[PDB]
Amino acid sequence: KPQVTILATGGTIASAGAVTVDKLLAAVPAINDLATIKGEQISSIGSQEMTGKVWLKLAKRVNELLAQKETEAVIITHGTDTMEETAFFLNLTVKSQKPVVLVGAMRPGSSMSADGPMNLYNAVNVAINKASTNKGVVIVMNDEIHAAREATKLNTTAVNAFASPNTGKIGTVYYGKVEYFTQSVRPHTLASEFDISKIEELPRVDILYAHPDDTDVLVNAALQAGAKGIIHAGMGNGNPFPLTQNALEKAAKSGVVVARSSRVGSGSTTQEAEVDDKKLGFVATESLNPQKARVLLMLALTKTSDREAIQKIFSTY
Amino acid sequence: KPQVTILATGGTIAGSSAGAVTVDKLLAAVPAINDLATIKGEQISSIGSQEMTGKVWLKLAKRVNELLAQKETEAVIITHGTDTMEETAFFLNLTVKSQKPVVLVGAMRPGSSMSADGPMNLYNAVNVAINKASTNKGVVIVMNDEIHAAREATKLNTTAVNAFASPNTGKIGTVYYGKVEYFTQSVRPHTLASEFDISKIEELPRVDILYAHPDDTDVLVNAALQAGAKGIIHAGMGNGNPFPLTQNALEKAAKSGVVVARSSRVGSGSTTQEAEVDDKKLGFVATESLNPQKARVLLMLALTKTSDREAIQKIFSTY
Amino acid sequence: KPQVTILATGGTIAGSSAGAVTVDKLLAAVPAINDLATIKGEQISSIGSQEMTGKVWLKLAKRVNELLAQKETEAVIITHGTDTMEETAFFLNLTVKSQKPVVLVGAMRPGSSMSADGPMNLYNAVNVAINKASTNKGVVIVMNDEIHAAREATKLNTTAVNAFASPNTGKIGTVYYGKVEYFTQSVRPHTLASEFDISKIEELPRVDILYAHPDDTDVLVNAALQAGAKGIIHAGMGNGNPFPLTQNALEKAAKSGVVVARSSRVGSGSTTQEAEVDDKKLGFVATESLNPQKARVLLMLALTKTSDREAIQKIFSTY
Amino acid sequence: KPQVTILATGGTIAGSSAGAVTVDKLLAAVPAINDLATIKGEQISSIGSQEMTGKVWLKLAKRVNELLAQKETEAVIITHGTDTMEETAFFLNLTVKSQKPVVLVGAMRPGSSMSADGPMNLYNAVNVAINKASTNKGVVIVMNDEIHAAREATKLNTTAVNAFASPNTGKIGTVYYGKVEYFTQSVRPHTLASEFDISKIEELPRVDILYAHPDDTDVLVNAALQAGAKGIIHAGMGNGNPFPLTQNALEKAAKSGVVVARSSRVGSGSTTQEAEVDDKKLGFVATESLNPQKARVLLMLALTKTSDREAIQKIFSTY
Ligand SMILES: N[C@@H](CCC(=O)O)C(=O)O
Ligand SMILES: N[C@@H](CCC(=O)O)C(=O)O
Ligand SMILES: N[C@@H](CCC(=O)O)C(=O)O
Ligand SMILES: N[C@@H](CCC(=O)O)C(=O)O
């Protein structure tokens, strides 16, 4: 039988070594037939309380576990609100081709038609499947396998809230039957240049929400609070309001890296559209979203704040 | 022939006296529209929509109200940048005191480009403007052969000609080479049915939007407050959930008489009452089924006549 | 408390005397619905929805008409297999002579499955049935926290719990843990406004559906004619286009007096008039904004009182 | 410069000696493409794609194989009607023996139309064809700034310029004013990795497609057998489910040696094995994650070298 470790970052979504994982095995007994399961409790929080502190603890533990010859994969149970950020962080920091699968539930385990039992069962099948190797970190939700780079929560409440709006799911898992149709051609995991092994605190990056009649005071507060980066979630193709642009140009010149994303929800924030990124000293985040752009920029800042090197990071990953 | 005014907020959305050089160039570009209606033209502003302000919204709304109050004028078409068309559309949808059609239209590609989308978008927008079924549909955005309710429309994509969507409801109808069909209509009050009146307003109240993430801060809430925010939209994580440090700052905002409304960063779905956030104890409003940029517009209008949490919840549970 | 009848067409969609053992088993598995309504139950048929027939359709619409004409009855819920729920819903949408709510609900996973969707679907569906705002919304499908107008609804996916969609218009409403909110209503006539009356109809006119592709054939048109087709829905390539050989057979079918209606295989959008097919000259109808299976239901009802091409086109341009 | 041959299967998709007047017109309508590549032209056929036949598919795939085997030729672009582009694209995906880019492109609006999509579509296709990362992506469809895998691609709308989608996976990349980006690639074997070889084929096996509904028939299955069908695609209700009368006729079809492949009318998702239909007992094949019309293309290619149910199941579970 494959050996798999479930890492819990909160409560149950439905002795292994963590009571929470013990309860998962009670709630979804069919998973004990598929893999030998060990449990750890990494954190015990809603995903909306997540911190760089917990990300770095999680990423270092996943790297430890996947260096062990007996461990074939890791599953992480995680609140849905920020699963896309943790997943994306791990996609660039996990130095392995062994599967890492992130799974949660849009309804609590006690609700009518709770989604968490099917999700967990499907997650374990994805984690043990031979094809899941070198697919990078994935989110498994609602019978779908989404690449960490592309995946996002699109909906506030729906069981089908996870989507890959720029590329679509790479695979399906239906009552445990795992099929891949595509794979990411952007480098992840073992091919990643990032290494957080001796990082104990991630660079501060704020995200600003653009609109008509915008301000500079939020740009200015981010600077005063020690922002090493700012993601601008711009209007349409990453366009800022003029007062804000002026503040962001000053930000960039003081050596705080400014990366242009968009508020819209999908598509690329492109270079050489209406914003002279080279002249203003900005980075175009291209086909990401503000919250994943933030993760990539934090990782960039562990080893450079050069506009050109960071543009190349956003155009590569 | 039906009498229609085209109000330009910016450059030409097609090509490259009706009373404005921008509209004379639209008519030269898409001569078919001259056969559909007697077009008059005015330049309201001279800006890309990323430069839009409350000042321009107020000028634009008052002018639309004056034009539709004229017996002879049957509709207004507004040519607008795509980036913030959804905000302008939602603003007029709650301030325009008339059932006559108001149609916003723009171009995802410049007029000069290969396969410019502006000519079809404008030609279609004219047909929607003059169609009898467009009466009391509220303000609409006509883009890519689709008619979207102002309440529900958003730019969902950075570059695509199909970048406009109604994620919570779908388009209310279609317009294909001029042929106009409606399949649905909004049951949320708009236009004539709206309680809001900006005829006597010269400056709209300040409302900030904050983007939520893990490891969030209180220093943008405190900066919003210090710049005299009357309202704050919180673009929360998932179902409008804040980071703990941030909720603490917003609680202090809400007690100090600044209205905090919870929306979401995700893209779609309702930011609901009676979920993980205790709005009644913390002093917050839930925006429910809008998005942070349109929730900003509704809170600005709410703040023109009340800062009361209960009244403002009722506004967001109505419009 | 509201009085609602659940009509079961098959087995239980939830779990593993109201009047029908199937509905008693629903009430046992989902006891929270019993504080919402006084439930009566009847068994109309005992089949998977892939075994549905015109005979069951007529039995169902007649019984719903009787039930909703009772002063004691506020609404009807029909538990239905998912495969053909859209056809039954659309039939009832044009045959039910009431504004009282009619809700179709099913389950994409069986009741005995992990994370069964039936219990929530059914709970949500009762809340929609008893909601005041559901009056005169027409027959609706309630699946995966969504209210879909019968005209617009389709199963779009083989297996997903979110398989139901309204691809031309979107959901008319949400239901979330029983909280019902409508955002739109269909502007196409339904239920009490429909010209159709099946009360005296014991068998529906025969309508066949054909799947278009390159290197297509005339033999299936010919077999449909040979079996006594009164109408044929052509699921065309792109905007309802036939292969030349097929179009020649359809021309003959139409001249013999069999009604030929052009639909499309693609999934969404209008099969339009005045496109590449000369419908007038060849004697064809364009089905416009439907899909082949719903076009079939509307043609079947159209044939209960005309086979006139111009009359039927008006029917497809109306409903 | 790179050398690219444009193959025309119909009229100009843009405007209103490379070696073909159609391609000469394309180059004059979009002179931008002369800077990007040395373009040669051929007229393979002159038809609307709704008139495509296996004879044209074989002529086209054989000429693509000749052109890409030349050391001077870097890529092939094929202008094609949108209606059946997914079928031809898919056929070439399994029959082209090269890793060199093959790109299909068309237009949802005629070249003479306001906001014609053809010029940009063609310009973007030439950029995808000459891009280094286009190597070994399989045959692609370039439409509306998107690069779709031939395996995954379909026309989803009758009219919209954004009609092309990959509902099971999404686009594998973007092309925006010529700038090419891939984000994924198919992990299903294609082009040079495919086991199919049509170099010694003259006529593709006959495969029909049947459209499933309530009160379904056996007279179309029976007509398909009488016309010498070697394969039948069944476009089933939900997860590929037949009406009983039709199932009994398909079981007889299968026992006769006619390969029955189960697909779905719904639009997306897998028609799975070991759901409600005993495939192994009934003697049927599950087409899994395709659609009726691409499953037809795979079954026609399967039928060039086996009619064994087990071997064809493996082909559908592989390609
Ligand atoms: N919103 C909470 C609730 C649990 C969930 O939806 O996963 C979280 O993200 O942890
Ligand atoms: N960013 C410009 C571009 C024009 C457009 O896409 O509408 C604007 O919104 O005004
Ligand atoms: N395909 C069956 C199974 C149950 C269901 O999915 O509704 C039916 O439509 O009845
Ligand atoms: N139905 C025609 C129209 C052209 C097009 O839209 O591609 C064809 O497919 O050839």
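Just so it is clear, chain C uses Swiss-Prot numbers, and the residues here are 3-18, 28-330, in order.
Structure determined by X-ray crystallography, 2.0 Å.
Note that Cβ sites are derived from N, Cα and C of the backbone, with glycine treated the same way.
In three-state terms derived from DSSP, C:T14 (active site, O-isoaspartyl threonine intermediate) belongs to neither a helical nor a strand segment and is classed as coil. Applying an 8 A CB threshold to same-chain residues 6+ apart, the list for C:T14 (active site, O-isoaspartyl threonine intermediate) reads C:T33, C:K36, C:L37, C:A40, C:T90, C:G122, C:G129. Per Swiss-Prot, active site, O-isoaspartyl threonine intermediate is recorded for C:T14.
The substrate binding site feature in Swiss-Prot is assigned to C:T93, C:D94; the stated evidence is similarity to another entry. Cβ environment of C:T93 (substrate binding site): C:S60, C:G117, C:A118, C:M119, C:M154, C:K166, C:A174, C:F175 lie under 8 Å away, each six or more residues apart in the same chain. In the three-state DSSP assignment, the secondary structure recorded for C:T93 (substrate binding site) is coil.
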Proximal but sequence-remote residues of the same chain as C:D94 (substrate binding site) (Cβ under 8 Å, at least 6 apart): C:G59, C:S60, C:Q61, C:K166
Recorded positions in contact range of chain D, given that the Cβ distance is under 8 Å, out of C:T14, C:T93, C:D94: C:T93, C:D94
Å between C-alpha atoms of C:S28 and C:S18, the residues bounding 9 unmodelled positions: 18
Candidates near ligand 3 among the recorded positions C:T14, C:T93, C:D94, judged by a Cβ under 6 angstroms: C:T93, C:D94
